[PDB]
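The chain below stands alone, shown as C-alpha cells; this is the form deposited without this ligand.
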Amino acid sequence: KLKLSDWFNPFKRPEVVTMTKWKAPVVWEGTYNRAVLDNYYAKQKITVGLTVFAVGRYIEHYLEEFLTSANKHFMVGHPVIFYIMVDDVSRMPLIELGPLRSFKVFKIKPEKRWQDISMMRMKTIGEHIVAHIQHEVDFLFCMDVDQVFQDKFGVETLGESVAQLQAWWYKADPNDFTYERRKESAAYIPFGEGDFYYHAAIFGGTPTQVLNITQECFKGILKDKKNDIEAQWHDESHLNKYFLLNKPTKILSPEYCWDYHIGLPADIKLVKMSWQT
C-alpha cells in the first residue's frame, strides 16, 4: 500500500513548494519520515543501484570521495549495488565497502567532449539496464562523480521516476530557465511552457523508467548531431525536455544536491549531498 500521506507531510517545511500541479511531492528536509519508509522497504527486500562514470582525471580526483561518501550515506541499511563505468580501471580506487554494499566495474570507451562522454553515457546506461540492472535492482540512480554525499540520502528519495532541482534555478521561474530555446534542437522547450529546471547530476526511478529516460535523451542527442546543433547543457537540456513531457513522480529538493558556492540560505536546512570542488 503506502499513500503519500504515510511518510510525507508538507506542513513541516517553510512554504517551499512541496507539491506540484500533477500532485507530485518535493522532498524537503523535515517533510519525510525515514523511520516508516525504512521498515516498509526492508520488508520488501528492496535493493537500490547507483551508476557513476569516471573518465580520465575525474577518476583520479573525485571517484574515491564519491564512493566513500555514498557508502556511508546512500540508502544506508539497504542492499546497494554500485555500477562503476570507468575508462581505465587499472587506476580506480578500491575503497572498502560496508554492510549491504557491493559493486561491479565496467571498462567504458572514452572519447573526450560531451557529444561522447555525455552522449554515450545515456546509451551505455540503457544498454546496461536492459542487460542486467533491471534484473538486479528495484530503483536505479544515475549520478555524476563530482558530487559528495554529506548526510543520509535515504529511501524517501525512491519513486517511479525521480528528478533533482538544480540548486541555482529553483527560486527562479520558467522564463529564466536555461532550457534549449533553439527550436531546431530536440531538447527544445518554448517560452511559455516549463515546470522546473532539473539537474542532470541526479535522476533515478525504476530500471524501466530510467531506461526510457536515457533512451529518449540519447535518441534526441543523436538527432541534434545529425543536425549540426549542440543543445547547451547537452544531456541536461534533453533531460529537462523529457521531464517536461513526462512529469517525474517525485522531485527532490536542492538539499539533495547543493552547491555550497551559493552559501546556505535558511531554505536549505540539511545538505544531503553537495557539489565537489
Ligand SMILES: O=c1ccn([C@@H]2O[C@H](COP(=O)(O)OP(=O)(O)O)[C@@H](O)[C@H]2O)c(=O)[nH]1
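We call the rigid core the largest set of C-alpha positions that still match within 1.5 Å between the two forms. From 1 onward, residues are counted along the sequence shown. Residues that one form lacks are left out of the comparison.
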Check: Looking at the deposited entry, does 87 to 95 or 127 to 135 carry the larger mean Cα B-factor?
Finding: 87 to 95
Check: Hey, which bit's got the bigger mean C-alpha B factor in the entry, 200 to 208 or 179 to 187?
Finding: 179 to 187
Checklist line | Options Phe153, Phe103, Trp169, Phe141 - largest CA temperature factor per the record | finding: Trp169
Checklist line | Chain thirds of CA B-factor: placement of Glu60 | finding: highest
Item checked: Entry-reported Cα temperature factor of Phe82, expressed as the chain third it lands in -> lowest
Notebook entry, point to check: Relative to the other modelled residues in the chain, which third contains the C-alpha temperature factor of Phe53: lowest, middle or highest?
Noted result: lowest
Checklist line | B-factor third for the C-alpha atom of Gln115 within its chain | finding: highest
Next item on the list: Within this chain's modelled residues, let me know which third the CA B factor of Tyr242 belongs to: lowest, middle or highest.
Entry: middle
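In what follows, reference is made to the form deposited with this ligand bound, a form of this protein that is not presented.
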Next item on the list: Using a 4.5 Å heavy atom cut-off, state whether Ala54 contacts this ligand in the deposited complex.
Entry: yes
Note to self: So in the deposited complex, is this ligand close enough to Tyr40 to count as touching (4.5 Å, heavy atoms)?
What the structure shows: no
Item checked: Partner contact for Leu165 in the deposited complex: this ligand, 4.5 angstroms, heavy atom -> no
Note to self: I'd like to know if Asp144 sits close to this ligand in the deposited complex, meaning any non-hydrogen atom pair within 4.5 angstroms.
What the structure shows: yes
Next item on the list: Could you work out which of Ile81, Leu158, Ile117, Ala186 is the residue within 4.5 angstroms of this ligand in the deposited complex, going by heavy atoms?
Entry: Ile117
Notebook entry, point to check: Looking at 243 to 251, 23 to 31, 55 to 63, 40 to 48, which lies within 4.5 angstroms of this ligand in the deposited complex, counting heavy atoms?
Noted result: 55 to 63
Check: Lining up the core, where do at least three residues in a row all have CA moves of 2 Å or more between the shown form and the other one?
Finding: 114 to 116
